[PDB]
């Protein structure tokens, strides 16, 4: 079968289709029009966007396909280096860092991070308790304050103190501006035009800021000798069982940069979309709030109580279904192979997995695919293989999944325990795209139930 291809622009092929404010949503509309697979070409590049569980279940076979760096991840590698997300599977530092960090990211490790997550969650709740009557909440903004502070504290015992400020931390200014340059660079029809020389000088300056600040975090910790129970201590002290080697300081810096990207708007986006869907679905909100009140019987949640917030967990999975905040990942064929009995691929051929569109496969989810129904996730065994991929696939899946879900379940549970929510503007969903997704301008009012944290 010859696969379809969206409209072309002469020698720029399909590249101008990406020169839009909302490229993921544009690719979703192309998939609506063209179906489960389409070819996408740009100067020097061919890939194939997959959208059906039928084809993606094959693409997730690690004997046939391995992780590819998309152009986006190749550009992120200019500042995240051979950290875990921007490493190829065959680089020594991927498997080394993977083996060392897996124990730091397990459910067991979450028991140790729990108290630091609570510290930040209580700050969020106190901020909202302290708002004046008729004041509102800027939801993505506050969710990013919470997720950034949580990965700073659990990551390297650093307080970004995001609830004390409006202006971002200098590291975050350079990180966000670096990610903006990545997005801009993907959209340039003529990337070598001297009109972008200033952008490139700024990008290099931002790389240096991130390196300098993280290198000093690492140097300061080695100099103090402090043994806090954070990711940095584990990286300084751990040895890979396979090679017997530790990570060196440059790779530790790249991992820290990698975690800060991941724990910033990628994770806060999940909380923002979850709260959006809850306020647009009042019966779902009521059920989740009933669970929070039943389970969260103490002034601060315990680790075991967060594990008991089963419906809150289903709410988060259903938000990941509709708007997964890391919306694509890339693969390449390890050898010649045929996809779906119809599409022959050659060794090295690239695939993109378009996750929001996979999650809209009606052959899997049924006709009500746009509805927000957390009960879809009552039983993971009832979900077909590779139908639900917000955290990627296989050995290259998200190492932070348990971390992101624990922090999100904890704070959403506390939010639902402590406040009633009003969609006071009847907010119209507007999804802003960076390399992640967020409901731009999403605001609510939160009326306290006046339940103390003491």
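Numbering follows the first chain given and starts at 1.
Worksheet item: When the C-alpha temperature factors are averaged for each of 339-347 and 83-91, which stretch ends up with the higher value in the entry?
Response: Mean CA B-factor is higher for 339-347.
Worksheet item: On average, are the C-alpha B-factors higher in 225-233 or in 159-167?
Response: The entry gives the higher C-alpha B-factor average to 225-233.
Fill in: Top Cα B factor in the deposited entry, candidates 142, 119, 318, 205
Checking the PDB record, the top C-alpha B-factor among 142, 119, 318, 205 is at 205.
Worksheet entry | Member of 313, 282, 299, 269 with the greatest C-alpha B factor (per the PDB record) | Reading the PDB entry, the winner on C-alpha B-factor is 299.
Discussion item. Ranking the modelled residues of this chain by C-alpha B-factor as given in the entry, is residue 401 in the lowest, middle or highest third?
Written reply: Lowest third.
Practice prompt. Sorting the chain's modelled residues by C-alpha B-factor, tell me whether residue 54 ends up in the lowest, middle or highest third.
Written response: Within its chain, residue 54 is a highest-third residue by C-alpha B-factor, going by the deposited values.
Worksheet item: Within this chain, which third does the Cα B-factor at residue 98 fall in: lowest, middle or highest?
Response: For residue 98, the deposited C-alpha B-factor lands in the lowest third.
Worksheet entry | Entry-reported Cα temperature factor of residue 245, expressed as the chain third it lands in | Its C-alpha B-factor, which the entry lists for residue 245, ranks in the middle third among residues of this chain.
Discussion item. Please say which third, lowest, middle or highest, residue 435 falls into when its CA temperature factor is compared across its chain.
Written reply: For residue 435, whose C-alpha B-factor we compare with every modelled residue in the chain, the answer is the middle third.
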